[PDB]
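Peer 1: Let me give you the complex in parts, starting here:
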Amino acid sequence: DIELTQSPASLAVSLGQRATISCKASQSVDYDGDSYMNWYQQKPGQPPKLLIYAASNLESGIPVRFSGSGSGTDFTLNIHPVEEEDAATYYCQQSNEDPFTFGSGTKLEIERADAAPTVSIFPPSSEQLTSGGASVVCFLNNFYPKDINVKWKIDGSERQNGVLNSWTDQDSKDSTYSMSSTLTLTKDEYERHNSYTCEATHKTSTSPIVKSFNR
């Protein structure tokens, strides 16, 4: 089996800058009069879409700013005016000798100005309380970089268990990240205490952003 070796595993550039990714095949893919190497772009939750085939031929519809080069074993995909729109994983695939094989892919991420999260805290709903549940939610929206820490405090003391965190994909337009932190307690635990706060530690501030309410 031909092995496809892509590098780097991930790229991080600012909008407008040029980027180059490499794909090396374990043996020459040159046949007929062309190299059977294709590049595909896969955006989050989407099926892959072809960019280049025959190593350097652009699919109809693809901009000039996507350029494929190489022959034999060394191939490259270059993207000029990089934008948020280009945020995806790029795979190369060889079609010279079966089985057809894909590279591990190169994840293109964009850099931007650091942005402090907009933090919102939500007390448990009346509906959830009617049952035996009580979840406290904090939204940490439109921040950068992705690296962030959330700490939950109940009456001033940290609570580590019963928290679920989730990060959105990098925004397709402004290249920011958002995250949700849910602290689930029993109805009894919730009513037993008064002060609930989530503290967001991000490089944008020397001190964590604090949002809190008292029951």
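Peer 2: Okay, I see it. Numbering: from 1, shown residues only, chains lettered A, B, ... in the order given.

Peer 1: in chain A, which residue is closest to the centre?
Peer 2: Centroid-nearest residue in chain A: residue A:169, 4.1 Å away (criterion: Cα atoms, centre = their mean).

Peer 1: got a list of what it touches?
Peer 2: Residues near residue A:169 by Cβ atoms under 8 Å, 6 or more residues apart in numbering: A:44, A:87. (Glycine included, C-beta is placed from N, CA and C.)

Peer 1: Chain neighbours aside, what residue packs nearest to residue A:62?
Peer 2: residue A:51 (5.4 Å; Cβ to Cβ, 6 or more residues apart in numbering).

Peer 1: Indicate each strand paired with the strand or helix carrying the one you found and its parallel or antiparallel sense.
Peer 2: Per DSSP states H and E: residue A:51 is located in strand A:49-53. Strand pairing for strand A:49-53, determined by DSSP bridges: strand A:37-42 (antiparallel), strand A:57-58 (antiparallel).

Peer 1: so which of those strands is the most packed in?
Peer 2: Mean neighbour count (mean count of other Cβ atoms under 10 Å) peaks for strand A:37-42 among the strands paired with strand A:49-53, with a mean of 23.

Peer 1: chain center to that strand: distance?
Peer 2: 19 Å (Cα atoms, centre = their mean, to the nearest Å).

Peer 1: Same question for stretch A:137-148.
Peer 2: For stretch A:137-148, the separation from the chain centroid amounts to 13 Å (computed by Cα atoms, centre = their mean).

Peer 1: Which positions in that stretch come out as buried?
Peer 2: For stretch A:137-148, burial by neighbour count (16 or more other Cβ atoms under 10 Å) applies to A:137, A:138, A:139, A:140, A:143, A:144, A:145, A:148.

Peer 1: what secondary structure does the first one sit in?
Peer 2: The one in question is residue A:137. Put simply, residue A:137 is strand when judged by DSSP: H, G, I helix; E, B strand; the rest coil.

Peer 1: Name the nearest residue to it, sequence neighbours excluded.
Peer 2: The shortest distance from residue A:137 to any non-neighbouring residue, by Cβ to Cβ, 6+ apart, is to residue A:122 (4.4 Å).

Peer 1: was I right about that neighbour contacting residue A:128?
Peer 2: No - at 10.7 Å, residue A:122 and residue A:128 do not qualify as touching, with contact defined as Cβ atoms under 8 Å.

Peer 1: Give me the phi and psi for residue A:88.
Peer 2: phi -170, psi -180 (degrees, to the nearest 10).

Peer 1: here's chain B, add it to the model above:
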Amino acid sequence: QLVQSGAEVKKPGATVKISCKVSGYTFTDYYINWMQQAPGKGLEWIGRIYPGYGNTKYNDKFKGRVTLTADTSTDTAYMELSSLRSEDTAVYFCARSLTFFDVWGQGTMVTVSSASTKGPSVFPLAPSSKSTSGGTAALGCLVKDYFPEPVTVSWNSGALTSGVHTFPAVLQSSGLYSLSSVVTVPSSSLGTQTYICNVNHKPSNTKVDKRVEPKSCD
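Peer 2: Okay, here's chain B dropped in alongside the others:
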């Protein structure tokens, strides 16, 4: 055009058979390949069939576990995957001549899990308490403990679109999915504007419209 069969839900050990109906060319003339993609993961080739002869070739990962067939009579190709495991959860695509490009089906989501189909509970994420006057408030709905994917969320019957974020669901250790759908709004609107999240989980034919109101103390 390549049109695939609907989404599938299967228990571990079961089998799934996905269909790929073709039109707009001579079906027997081109190889049909299938490629799958686990949620937020890359692309993985599974095998090809020669519709003319019915000859096949499979990736080593699936050899003895996948069967590809076709009915030239109705220009349809099939992928059957047996001894299903949770790792098989992925969108499955058929593609005509993937090596020499070109055309892809829309994809078929197959979810494999010991979990059973279930409608979500929809809890309000009450408008954020503001210690100081004037700002932005966040509110939403927690759409918890459903199976399988997907669910759709709108706000005020699609009237409210600005500042809405419906997050990718997380797969809880229980085997059920949970997601949040939030919106940021001016704090000043909380007194006067009604906010309802409209949740639709078609797999369980469940539809919920949940009013998200300020806490009684607010």
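
Peer 1: Could you re-examine the contacts of residue A:169 with chain B now present?
Peer 2: Residues in contact with residue A:169 (Cβ atoms under 8 Å, 6 or more residues apart in numbering or on different chains) are A:44, A:87, B:168.

Peer 1: same thing with residue A:40?
Peer 2: A:48, A:49, A:50, A:51, A:90, A:91, A:92, A:93, B:43.

Peer 1: Show me what it is bridged to.
Peer 2: Under the criterion used (DSSP bridges), residue A:40 bridges to residue A:50, residue A:91.

Peer 1: how much space is there between it and residue B:42?
Peer 2: From residue A:40 across to residue B:42, the span is 10 Å (Cβ to Cβ, to the nearest Å).

Peer 1: and if you look at residue B:121?
Peer 2: 33 Å.

Peer 1: Which one's more surrounded, these two?
Peer 2: residue B:121 (19 against 16; other Cβ atoms under 10 Å in any protein chain shown).

Peer 1: Roughly how far does the more buried one sit from chain A?
Peer 2: Distance of residue B:121 to chain A, given as Cβ to the nearest Cβ, to the nearest Å: 8 Å.

Peer 1: So the residue in chain B that chain A sits nearest to: helix, strand or coil?
Peer 2: Taking Cβ to the nearest Cβ as the measure, chain B has residue B:138 as its residue closest to chain A, at 2.6 Å. At residue B:138, secondary structure determined by three-state DSSP is strand.

Peer 1: ok, how many other residues are close to it?
Peer 2: 25.

Peer 1: For it, list the residues it contacts.
Peer 2: Shown in contact with residue B:138 (Cβ under 8 Å, 6+ apart): A:118, A:120, A:122, A:139, A:141, B:125, B:127, B:128, B:182, B:183, B:184, B:185.

Peer 1: Return the member of the residues you listed nearest to residue A:60.
Peer 2: Nearest to residue A:60 among these: residue A:141, at 38.3 Å, using Cβ to Cβ.

Peer 1: before we move on, which element is that closest one in?
Peer 2: Assessed by DSSP H and E, residue A:141 sits inside strand A:133-143.

Peer 1: Walk me through which strands that strand pairs with, and which way each runs.
Peer 2: strand A:118-122 (antiparallel), strand A:177-186 (antiparallel).

Peer 1: from what I can see residue A:79 touches residue A:19, true?
Peer 2: Yes - Residue A:79 is within contact range of residue A:19, at 5.0 Å (criterion: Cβ under 8 Å).

Peer 1: out of these two, which sits in the more crowded spot?
Peer 2: Taking other Cβ under 10 Å, residue A:79 and residue A:19 do not tie; residue A:79 has more neighbours (22 against 17).
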